[PDB]
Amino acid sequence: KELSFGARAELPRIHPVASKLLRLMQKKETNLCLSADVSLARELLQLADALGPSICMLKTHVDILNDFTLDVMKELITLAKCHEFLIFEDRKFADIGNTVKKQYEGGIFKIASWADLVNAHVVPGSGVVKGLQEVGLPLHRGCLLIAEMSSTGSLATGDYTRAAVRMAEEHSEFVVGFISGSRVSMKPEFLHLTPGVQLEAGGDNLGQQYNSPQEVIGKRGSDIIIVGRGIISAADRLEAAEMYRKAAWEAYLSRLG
């Protein structure tokens, strides 16, 4: 029988980052991750502040920010602490271990310095995780492995997905879960986060495909919905975030039944 988020926060094998997340999800009654796909720091921070109470997590693509600075990320950390949500940089590390270690720690973005969570493609083999984990371990960071993708023609299926799950199990001191379309692991210490989510049926013009929060949380067994345009494109982003939060939260409650 399915454990609540609060109970999963207490699992013996739980990573500290996953535990903090699960605790705030339970506290705030939200399993919504905002995909803050904007190009302006001011818009990012205004959404983070207004929607902070409604979300468990804010997912960034800082490489799309036109006016990125480390001071912007400092302000984002302040809002994340104030409102209690994790920061997830959707960087999709996908290179050899020696390279991703530098991409995570260094350069202009210094992603490890501010992101609670990052993600990696499993295509390079487990060196991708080993390289990241050397940086993320003393910083008490976590990583999500990309086990499935939402887009048309995704090759992250079958044995590929299985390889991601095995890699996660073998690196559970750093890997806290998955980007996937459905539950892919039966181990409850792993988080499942699912993008390609909208209330309405459809897709976009570049291969994105959508499923509803009820389908993804309720039937497919995932934990958190990641929602970009379904919220960002609304006139009132707060009302939209609330619609998504209630959808995902009630689907989760249903599944506990």
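Under this definition, the rigid core comprises the largest set of C-alpha atoms superposing within 1.5 Å between the forms. Residues carry their position along the shown sequence, with the first being 1.
- The segment moving more, judged by mean Cα distance from this form in 5 other deposited structures of this protein after a core overlay, is 92-100 among 68-76 and 92-100.
- Annotation for 68-76 versus 83-91: the higher mean temperature factor (C-alpha) is found in 68-76.
- Legend: mean Cα B-factor per stretch from the PDB entry, 126-134 versus 145-153; the higher mean is in 126-134.
- Among 223, 200, 37, 63, the highest C-alpha B-factor in the deposited entry belongs to 200.
- Comparing C-alpha B-factors across 59, 27, 192, 229 in the deposited entry, the largest value falls on 27.
- When all modelled residues of the chain are sorted by CA temperature factor, residue 111 is found within the lowest third.
- Placement of the Cα temperature factor of residue 97 within the chain: lowest third of the modelled residues, per the deposited record.
- Compared with the other modelled residues of the chain, the Cα B-factor recorded for residue 196 ranks in the lowest third.
- For residue 164, the recorded CA temperature factor ranks within the middle third of the chain's modelled residues.
- In the PDB entry, residue 176 places in the middle third of its chain by CA B-factor.
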